[PDB]
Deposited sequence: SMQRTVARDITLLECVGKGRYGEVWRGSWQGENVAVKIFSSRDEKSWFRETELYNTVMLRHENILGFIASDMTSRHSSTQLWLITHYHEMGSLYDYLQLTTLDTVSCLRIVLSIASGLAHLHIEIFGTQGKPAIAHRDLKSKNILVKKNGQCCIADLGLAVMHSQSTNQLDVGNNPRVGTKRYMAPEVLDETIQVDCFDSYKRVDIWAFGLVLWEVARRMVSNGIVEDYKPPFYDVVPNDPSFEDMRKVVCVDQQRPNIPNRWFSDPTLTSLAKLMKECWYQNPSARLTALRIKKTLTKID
């Protein structure tokens, strides 16, 4: 039999330190091709090792197609393609209503709970370790999927803006898998804040801002972040207008329970999921 490995690279939809993401075509089908830089080659190996250990298949987890190494060395990760792009891009120039806001955040919680839970007979527990709005893609059915398991760990390293206090102050209990779950929940709390801001209530909505936009520069340093999160113990602002909306009022409670300095006190993904199904 023939094995069609020909993947046409049609347009570049991302270019960073990680390398490049291309919209590609394989047998008429849209695929996403991440071409890794030498800088980021370790992320190809860790993600490939993860998918070689457990083939994750979930609505809210970016769909794996292939890992390819070709002879210098070329490292490609091939996934399902989501034309609407990242949540980060989508929130820039889209507002939400109650239904579309809750659909996004419950799909993210569902993806994250699925990563975090050990399923027997099954999958190991997985912590993502780089959860942010850029690593969440928007699907046409209004649900989201979590992308980029390049830093993931199965039972410091992530984007500085989203790092939990225990990462920034190096108190993270590195011997405890639960520590990495708790770091994901912190970041989930920030993403929730970024989404809730874009949900309209009483004709009011906040403009898109990244977490801590008002207290750190662009490309905050480790020290910038540690002073805000660890020393001053600052948390993102909850606007007054949220307290006139029952949904944003319940989401405010939820995000604050993801932001405790004490990691053990934070909600679990499974608890967040239960709470989000009782909202509306």
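Colleague: No C-alpha coordinates means not modelled. Give me those stretches of the deposited sequence in order.
Modeller: In sequence order, the gaps with no modelled C-alpha are 1-3, 75-77, 128-129, 164-176.
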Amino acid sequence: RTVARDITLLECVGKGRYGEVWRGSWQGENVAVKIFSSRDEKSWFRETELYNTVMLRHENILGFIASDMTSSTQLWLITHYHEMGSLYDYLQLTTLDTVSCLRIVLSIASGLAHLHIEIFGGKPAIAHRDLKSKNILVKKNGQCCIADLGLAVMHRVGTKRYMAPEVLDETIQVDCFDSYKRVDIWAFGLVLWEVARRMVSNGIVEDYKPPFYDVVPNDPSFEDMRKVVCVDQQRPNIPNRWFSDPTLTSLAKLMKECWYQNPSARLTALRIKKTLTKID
From here on, numbers count along this sequence of modelled residues.
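Superpose the two forms; the largest set of C-alphas matching within 1.5 Å is the rigid core.
Colleague: With everything overlaid on the rigid core, name the stretch, 156-164 or 133-141, whose CA atoms wander farther on average in 6 other deposited structures of this protein.
Modeller: With the rigid core fitted, 156-164 is the stretch that strays more in 6 other deposited structures of this protein.
Colleague: Out of 72-80 and 165-173, which shows the greater rigid core-aligned C-alpha deviation in 6 other deposited structures of this protein?
Modeller: More C-alpha displacement in 6 other deposited structures of this protein shows up in 72-80.
Colleague: Which has the higher mean CA temperature factor in the PDB entry, 6-14 or 256-264?
Modeller: For C-alpha atoms only, the mean B-factor is higher in 6-14.
Colleague: Tell me which of 170-178 and 84-92 has the higher mean C-alpha B-factor in the deposited entry.
Modeller: Between 170-178 and 84-92, it is 170-178.
Colleague: Given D184, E118, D148, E194, identify the residue with the highest C-alpha B factor in the PDB entry.
Modeller: Answer for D184, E118, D148, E194: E118, with the highest C-alpha B-factor.
Colleague: Per the coordinate record, which of the options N141, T79, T73, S133 holds the highest CA temperature factor?
Modeller: If I rank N141, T79, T73, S133 by C-alpha B-factor, first place goes to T73.
Colleague: Could you tell me which third, lowest, middle or highest, the C-alpha B-factor of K209 occupies within its chain?
Modeller: Lowest third of the chain for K209's C-alpha B-factor.
Colleague: Check where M199 lands among this chain's C-alpha B-factors and tell me if it's the lowest, middle or highest third.
Modeller: According to the entry, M199 has a C-alpha B-factor in the chain's lowest third.
Colleague: Taking the entry's C-alpha B-factors for this chain, is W26 in the lowest, middle or highest third?
Modeller: For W26, whose C-alpha B-factor we compare with every modelled residue in the chain, the answer is the highest third.
Colleague: When the modelled residues of the chain are sorted by Cα temperature factor, does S67 land in the lowest, middle or highest third?
Modeller: Its C-alpha B-factor belongs to the middle third of this chain's values.
Colleague: According to the PDB entry, is the CA B factor of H155 in the bottom, middle or top third of its chain, that is, lowest, middle or highest?
Modeller: According to the entry, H155 has a C-alpha B-factor in the chain's highest third.
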